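Protein chains in written order, with the entry's author numbering: chain A, -1 to 219; chain B, -1 to 218.
The structure appears right after this line, and notes come after that.
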Ligand SMILES: Nc1ccn([C@@H]2O[C@H](COP(=O)(O)OP(=O)(O)OP(=O)(O)O)[C@@H](O)[C@H]2O)c(=O)n1
Ligand SMILES: Nc1ccn([C@@H]2O[C@H](COP(=O)(O)OP(=O)(O)OP(=O)(O)O)[C@@H](O)[C@H]2O)c(=O)n1
Ligand SMILES: [Mg+2]
Ligand SMILES: [Mg+2]
């Protein structure tokens, strides 16, 4: 048996959204954003269990929307994404799960096929993430000039990301803060598998991102 | 001082879609992809004229789907985006527009808001583009080994991109090849106004993009 557990990150504050309420708890088509990806995991046969990571003040709001035997616990997040990840790893330690899938709840439109593909792709290498080839010109702003960044081999890292539990754990053993989990895992000399995603995997990050999420949400269920 | 013309670029081959039909002419909800941005320009009061740049053998396909006076013409593109843009500039010499707005037809879901907002903001420096702040971890591949790009100040550059006519002309007049038109214009020492857009401005570039195009099309 090789238990696969999914970690749903929903402890962030969504400061860049400029709303009262963290983005993951905004309603679209009558459900909170975090519910969309949650039920992809609950309907997914590749997923043996789920951990939802949120801030202490959101535990009840979550508890009252989630009744499913696959949910192993609601777990207190940290002040950062990486700390929220670590908090989940400590909770999962008692279960000794073989593989772990991590996903930003703010990417709500997660497909079944992506979950299973990233997990089997993590079986072979130890580490994998959904990703997307760049399709735009890319730039950096330096003191009122824009640098045009070279584009060959550039990819947006999405989530889900999936790892053998021991690898991801080993990578967080000494703390650290990163945007994602492939970065710390790679520091161990582990190759990161890229798995073709699509633009539905975008992260609701800014106020403008809501128009699009409502549009997909209308079609979803 | 005024006329604004949108240059709608539709002369690409879309070779990364791995179709046999360029993505601009793919049928979504009974309409070809170029029809969508086209109608935004047509329905838009900020736009006095439209030039459509396409490949010679697709001319009649484009003509057939033109139902409006506002379309000034159909120009034959070139083998690169830059060359296709230059093709249109030449055609427009006779129209003497004040500002030109250039837009990738493979970015189908353009809004009114952006067409006018991009043009307003092009007036201050003579150059502006729709842009989108990065919101993903970003990486570069280097032979079965990836590298993490620093994210500070990183934007995805979109279209529409609008310029004063004269300036764009000056940026292209010695030829050249670039992914967009802000880069050559900046080389002339012009500051580029970034205009905040949204993810609906994505460009249908890969096969995996079509589903999302279909979802949004159902709502137009
Ligand atoms: N302490 C944190 C911070 C981040 N996240 C999660 O990490 C994911 C991706 O991060 P991001 O989009 O940046 O979320 P926020 O931190 O909430 O957004 P912002 O930077 O605008 O505050 C989100 O699902 C978010 O809830 C988390 O679980 N715990
Ligand atoms: N010779 C060319 C090539 C590009 N474009 C236009 O530039 C826009 C954006 O470029 P891109 O996505 O790269 O289009 P393609 O070149 O067709 O795609 P590919 O790189 O796969 O061939 C498209 O709307 C395309 O029609 C153009 O008009 N003339
Ligand atoms: Mg954040
Ligand atoms: Mg191209």
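Idealized CB from N, CA, C, for every residue including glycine.
| Asked | Found |
| --- | --- |
| Heavy atom of ligand 3 within 8 angstroms of residue 79/A beta-carbon | yes |
| Same chain, Cβ closer than 6 angstroms to residue 25/A, neighbours up to 5 away in sequence not counted | none |
| Option in 212/B, 202/B, 122/B with minimal Cα separation from residue 13/B | 202/B |
| Three-pair Cβ contact test at 8 angstroms for the segment 152 to 167 of chain B versus the segment 103 to 121 of chain B | yes |
| Residue 3/B Cβ short of 8 angstroms to ligand 2 heavy atom set | no |
| Presumed contact (8 angstroms Cβ cut-off) between residue 125/B and residue 180/B, rounded CB distance | 6 angstroms |
| Distance CB(residue 31/A)-CB(residue 21/A) smaller than 9 angstroms | yes |
| Interface partners of residue 135/A on chain B, CB under 7 angstroms | 155, 177, 178 |
| Segment contact flag, the segment 137 to 144 of chain A with the segment 175 to 193 of chain A, C-beta cutoff 8 angstroms, min 3 pairs | no |
| Chain B contacts from the segment 51 to 81 of chain A (Cβ-Cβ distance under 8 angstroms) | none |
| Residues of the segment 182 to 203 of chain B whose Cβ lies closer than 8 angstroms to any Cβ of chain A, in chain order | 184, 189, 190, 192, 194, 195, 196, 197, 198, 200, 201, 203 |
| Buried versus exposed call for residue 198/A [16 or more other C-beta atoms within 10 Å across all chains shown] | buried |
| Status (buried if at least 16 other CB within 10 Å, exposed otherwise) for residue 19/B | exposed |
| Under 8 angstroms by beta carbon: chain B residues contacting residue 217/A | 213, 216 |
| Min CB distance residue 129/A to chain B below 9 angstroms | yes |
| Residue 73/B versus 186/B, 133/B, 63/B, 53/B, residue with shortest Cα-Cα distance | 53/B |
| Ligand 1 heavy atom lying under 8 angstroms from the CB of residue 15/B | no |
| Reduced DSSP category for residue 212/A - H, G, I as helix; E, B as strand; rest coil | helix |
| For residue 101/B, the residue or residues it bridges with in DSSP | 6/B |
| Sufficient close CB pairs (3 or more, under 8 angstroms) joining the segment 145 to 159 of chain A to the segment 120 to 137 of chain A | yes |
| Test item: CB-CB of residue 87/A and residue 186/A under 9 angstroms | no |
| Residue 100/B versus residue 4/B - alpha carbon distance | 6 angstroms |
| Alpha carbon of residue 117/B to alpha carbon of residue 93/A, nearest angstrom | 58 angstroms |
| Same chain, Cβ closer than 8 angstroms to residue 210/B, neighbours up to 5 away in sequence not counted | 200 |
| Three-way DSSP call (helix, strand, coil) for residue 14/A in this model | helix |
| Cβ-Cβ separation, residue 90/B to residue 38/B (assumed contact under 8 angstroms), whole Å | Residue 38/B to residue 90/B, Cβ: 20 angstroms. No contact. |
| Contacts of residue 138/A in chain B (Cβ-Cβ under 7 angstroms) | 151, 152 |
| Proximal residues of chain B, C-beta to C-beta of residue 206/A below 9 angstroms | 130, 194, 195, 196, 197, 198 |
| Burial state of residue 27/A (16 or more Cβ within 10 Å) | exposed |
| Secondary structure, alpha helix (DSSP H): runs of 4+ residues fully inside the segment 65 to 135 of chain A | 79 to 90, 110 to 123 |
| Proximity test, residue 105/B beta-carbon vs ligand 2 heavy atom, cut-off 8 angstroms | yes |
| Residues in the segment 23 to 42 of chain B having any Cβ partner in chain A nearer than 9 angstroms | none |
| Cβ-heavy atom distance, residue 10/A to ligand 3, below 8 angstroms | yes |
| Residue burial classification, residue 218/B (beta-carbon count within 10 angstroms, cutoff 16) | exposed |
| Length of the line joining the Cα atoms of residue 81/A and residue 75/A | 7 angstroms |
| Residues bridged to residue 145/B [DSSP beta-bridge criterion] | 138/B |
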